[PDB]
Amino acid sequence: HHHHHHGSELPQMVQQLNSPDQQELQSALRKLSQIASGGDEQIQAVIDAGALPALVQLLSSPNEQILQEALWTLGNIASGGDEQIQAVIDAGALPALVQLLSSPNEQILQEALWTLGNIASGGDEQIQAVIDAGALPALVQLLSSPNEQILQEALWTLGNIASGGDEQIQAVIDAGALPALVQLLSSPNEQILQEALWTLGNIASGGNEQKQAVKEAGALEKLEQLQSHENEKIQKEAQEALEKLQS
């Protein structure tokens, strides 16, 4: 598409996020999400127009049509630079995001997990905020989910968190992730095995204390077994995870 210089148009769209006309509101929210899907430059224009605090208030809305679009906007902003991610944090998104991990609406749940995952793909500061906001217990609980679509998104977000510093990995371990991940390594669903290996791999690349807890949990047995799985992608992923574990 096309270069557009957003004038005063962008702060004006932001104002309509507090309009009592939901059709104006939705229109603005749609345009913002489309903007936010561009690069870091487009994202920055949305931040600089003051969109973050208006978006965050919409995360309390009982209107799922508004909420889904606001989440999508925030997830996209969080796909930017670490400071763009921090902006989202600084605007108070995380408490609402964590409380949305309890939604019975799977579409909302997934969007919230996705957004969280994006924020957690940031630097150690951004990951720490996710941890401090109490995301881990819900995340570990979702590893027991029978909804494979939700499971994959929870595994990805955990994986991102476990891409942080050793104490951040330890945080994941202290929340109980290892037993759930080890159980997942016996799934007869190879898609799940791959997703679990990615996450477990990340954990296994922490320091000695994290590497040891990985062994205490029973992962080596499973990893060694999976070295010879029929599926050559799984073989490669179990090999990568085992190699990471042993550095």
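When you see a residue number, it is the position in the sequence shown, counting from 1.
Taking the mean C-alpha B-factor of each stretch as recorded, 184-192 and 66-74 are not equal, and the higher mean is that of 184-192. Look at the mean CA B-factor for 220-228 and for 13-21 in the entry; the higher one is 220-228.
The top Cα temperature factor in the record, among 202, 208, 33, 26, falls on 208. In this entry, the residue among 82, 106, 153, 174 with the greatest C-alpha B factor is 174. Residue 123: CA B factor lies in the middle third for its chain, per the PDB record. Ranked by C-alpha B-factor against the other modelled residues of its chain, residue 92 falls in the middle third. When the CA B factors of the chain's modelled residues are split into thirds, the value for residue 212 lands in the highest one. Sort the modelled residues of the chain by CA B factor and residue 162 lands in the middle third. The deposited CA B-factor of residue 133 belongs to the highest third of values across its chain.
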